[PDB]
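Below sits a lone chain in structure tokens, taken as the form deposited in one PDB entry.
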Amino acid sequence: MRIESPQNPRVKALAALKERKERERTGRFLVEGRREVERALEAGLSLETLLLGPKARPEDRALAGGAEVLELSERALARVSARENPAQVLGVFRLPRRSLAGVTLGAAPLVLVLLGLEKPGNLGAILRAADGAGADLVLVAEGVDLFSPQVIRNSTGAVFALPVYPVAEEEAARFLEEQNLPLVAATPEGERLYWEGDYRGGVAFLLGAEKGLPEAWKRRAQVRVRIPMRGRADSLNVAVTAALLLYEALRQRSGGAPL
């Protein structure tokens, strides 16, 4: 039963999931690492194949829930992993397919809108921040891949439960308009400090790639806000900016007043 050779045909099929085209073709993707597998399961994703290395714990096998369990050697593990030093627990899950059509927001939502194409590592970090602050919705560009290994790793698995939706620009604009959601453009040259916006009644922050925001979006915004920069640096990391904006809104919703 053990799969020992990196050349075994099953290892070949599992390592091919590293490529987005194969993930699309098969409807499957790899989740590497015990914590990320736990989070994918707790999020309700369908585990198809559990992969266990030689150092897996007894409890790891109990995660399978009726999926096929494969025991791989270190050498077979190394061909599937995205890491120089592989995890001992990985899962092959079915790709989730979520549409914004159903989504209904409450009266004072906290929304992040990510415009443009961000690097996978930065995106994963943004989504962790969004999860921490309890964002009700994150919108990203139509072709964004939420199930790359960097997004999964840098999100610490937060990507699985987070309401994040890749959508066309017009679909995003329409959704926001139909919610009558105030748009707040975050830009280093914003006319107001970000503490001066009022986010107690619901906000959609607009954020560009580490890049910048498109002009028509900045102009449509009710307000453009800047994070003060007191040294020589001109800008902060996008994930950091996303966290600063979201936690500011949380502060106000916790009783804080606009500056």
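Note that the rigid core is defined as the largest set of C-alphas that superpose within 1.5 Å between two forms. Just count from 1 along the sequence shown to find any residue number.
The gap between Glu210 and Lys211 holds 1 to 3 unmodelled residues of the deposited sequence.
Note on 103-111 vs 150-158: mean CA B-factor is higher in 103-111. Taking the mean C-alpha B-factor of each stretch as recorded, 229-237 and 212-220 are not equal, and the higher mean is that of 212-220. Comparing the C-alpha B-factors of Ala135, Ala82, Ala173, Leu123 in the entry, the top value falls on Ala82. Looking at the C-alpha B-factors along this chain, the one for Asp145 belongs to the middle third. Per the PDB record, residue ranking by Cα B-factor puts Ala129 in the lowest third of the chain. Per-chain ranking of the deposited C-alpha B factor places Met1 in the highest third. Among the modelled residues of its chain, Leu77 has a C-alpha B-factor that falls in the highest third, as given in the PDB entry.
Ranked within its chain, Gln252 lands in the lowest third, by CA B factor from the PDB record.
Quick note: we don't show the form deposited in another entry, though the next part is all about it.
Just one of the listed positions, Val92, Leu137, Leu183, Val144, moves its Cα by at least 2 Å between this form and the one not shown when the rigid core is held fixed, and it is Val144.
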